[PDB]
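Beneath this line is the structure, given in structure tokens, with notes to follow.
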Amino acid sequence: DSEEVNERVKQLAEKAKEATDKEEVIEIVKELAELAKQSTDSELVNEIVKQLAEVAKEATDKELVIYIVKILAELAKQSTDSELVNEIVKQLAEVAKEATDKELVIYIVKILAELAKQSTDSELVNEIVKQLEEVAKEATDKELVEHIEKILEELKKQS
């Protein structure tokens, strides 16, 4: 049923945000991810993404954050719903901009590059370019800046 799955998500999300066992949180996130990937209900998927992004943005376990980022990337790449893809890009960019874990930032940069390269929507591509430029402007890592500059040139050349 609809109401029942909504309630399952509500309880999982609460449990995830409260739990102090990291393995437990990973398991909850995995269940949420499966529910989102199996759903054809945009409302449910949007709610799950909201909750996952909140867990990620509150978390202090790097493994959990990158796991959630991976889930969100997969949901975005598999979606044909521009509202959802835009929202995921927003969340990923917000995680990238404030992260102090360089591996996470370059993973997100790569995901964003892939989404842009795989898009024919100029609104999305332009937004990703904006976010990547902002990450590059703020970065103190020459290699990262060089990689972003390469991506931006590739995007320019592509379209």
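The charge dipole of the range 82-153, taken about its Cα centre with unit charges on the Cβ atoms of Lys, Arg (+1), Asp and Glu (-1) only, comes to about 120 debye. Between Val25, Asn46, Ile151, the Cα set farthest toward the positive side of the dipole of the range 2-157 (charges on each charged residue's Cβ, about the Cα centre) is that of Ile151. Backbone N atoms of the range 74-114 closer than 11 Å to the 7 Å Cα→Cβ label point of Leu144 belong to residues 96-109.
The amide H of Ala19, built 1.01 Å from its N in the peptide plane, has no neighbour under 5 Å, considering only residues 5 or more places off or on other chains.
At 20 °C and a viscosity of 1.002 mPa s, what translational diffusion coefficient does Stokes-Einstein give for the chain, taking Rh as the Kirkwood radius over Cα pairs? Give it in µm²/s as a whole number. Approximately 132 µm²/s, per Stokes-Einstein. Put a plus charge on the Cβ of each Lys and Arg, a minus charge on the Cβ of each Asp and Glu, and nothing anywhere else: the dipole of the chain about its Cα centre is then about 660 debye. Can you list the residues of the range 46-65 with backbone N under 20 Å from a point 7 Å past the Cα of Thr100, pointing along Cα to Cβ? Counting backbone N atoms under 20 Å from the label point, the list is 55-65. Summary of the geometry: the range 18-69 and the range 101-159, compared by the centres of their Cα atoms, lie 24 Å apart. If you take all other residues with their beta carbon under 9 Å from the beta carbon of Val65, and give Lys and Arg +1 and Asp and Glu -1, the sum is -1.
Note that we place each Cβ from the backbone using ideal geometry, even for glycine, and neighbour counts take in every protein chain shown. Computed from the coordinates by the stated procedures, all read-outs in this text should not be read as laboratory data.
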